[PDB]
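A structural walkthrough
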Amino acid sequence: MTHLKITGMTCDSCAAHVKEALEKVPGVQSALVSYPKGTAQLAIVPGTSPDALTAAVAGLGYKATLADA
């Protein structure tokens, strides 16, 4: 369910700030981003919202999406 898609950026160092921004959110449990996939497998507490993280990344100058793969 909780999968996010990376857009706008490329990968790796881009995914690092994404993961950092995710962990900056106190609702995160375990954010593991797959740079070679272009997707993020972030586990969060039942209080945060995936659209909020997507908007967070999109509002960080990057682009996020969401697709469970």
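Residues numbered from 1 in each chain as written, not as in the entry; some residues may be left out. Heavy atoms only, no water.

Per the deposition metadata, solution NMR was the technique used to determine this entry.

Considerations on the nonpolar core
Judged by nonpolar contacts, the single largest core of 14 residues is most densely connected at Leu4, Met9, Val18, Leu22, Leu42 and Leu53. Of all the secondary structure elements, the ones that give two or more residues to this core are β1 (4–7), α1 (13–24), β2 (28–34), β3 (39–44) and α2 (50–58). Apart from residues no more than four positions distant in its own chain, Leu4 is found in contact with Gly38, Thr39, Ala40, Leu42, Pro50, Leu53, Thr54, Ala64, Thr65 and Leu66. (Core = buried A, V, L, I, M, F, W, Y, C linked by side-chain atoms within 4.5 Å. Buried < 20%, exposed > 50% of the residue type's maximum accessible area, 1.4 Å probe, protein only. Helix = DSSP H or I, 4+ residues; strand = E, 2+ residues; numbered from the N terminus. Contact = heavy atoms within 4.5 Å.)

Considerations on the pairing of β1
On β1, burial follows the alternation: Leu4 and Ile6 on one face are buried, whereas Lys5 and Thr7 on the facing-out side are not. Bridging between β1 and β3 involves two bridges; their strand directions are antiparallel. Residue pairing in the sheet places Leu4 in a bridge with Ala40 of β3. Where β1 meets strand β4 (residues 63–65), three bridges bridge the pair, whose relative direction is antiparallel. Considered in β4, the bridge of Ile6 is made with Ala64. (Pairing = 2+ DSSP bridges.)

Quick notes on the UniProt feature "domain: HMA" in the protein chain
The positions that UniProt labels "domain: HMA" are, in the present scheme, residues 2–65. Within the segment residues 2–65, helix and strand shares are 33% and 31% respectively, and the terminal C-alpha atoms sit 11 Å apart. (UniProt positions renumbered as here; feature names shortened; annotations may be inferred.)

Quick notes on the environment of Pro36
With respect to the helices and strands, the residue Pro36 is situated in the loop between β2 and β3. For the pair formed by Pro36 and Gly59, sequence separation is 23 residues and the distance between their alpha carbons is 23 Å.

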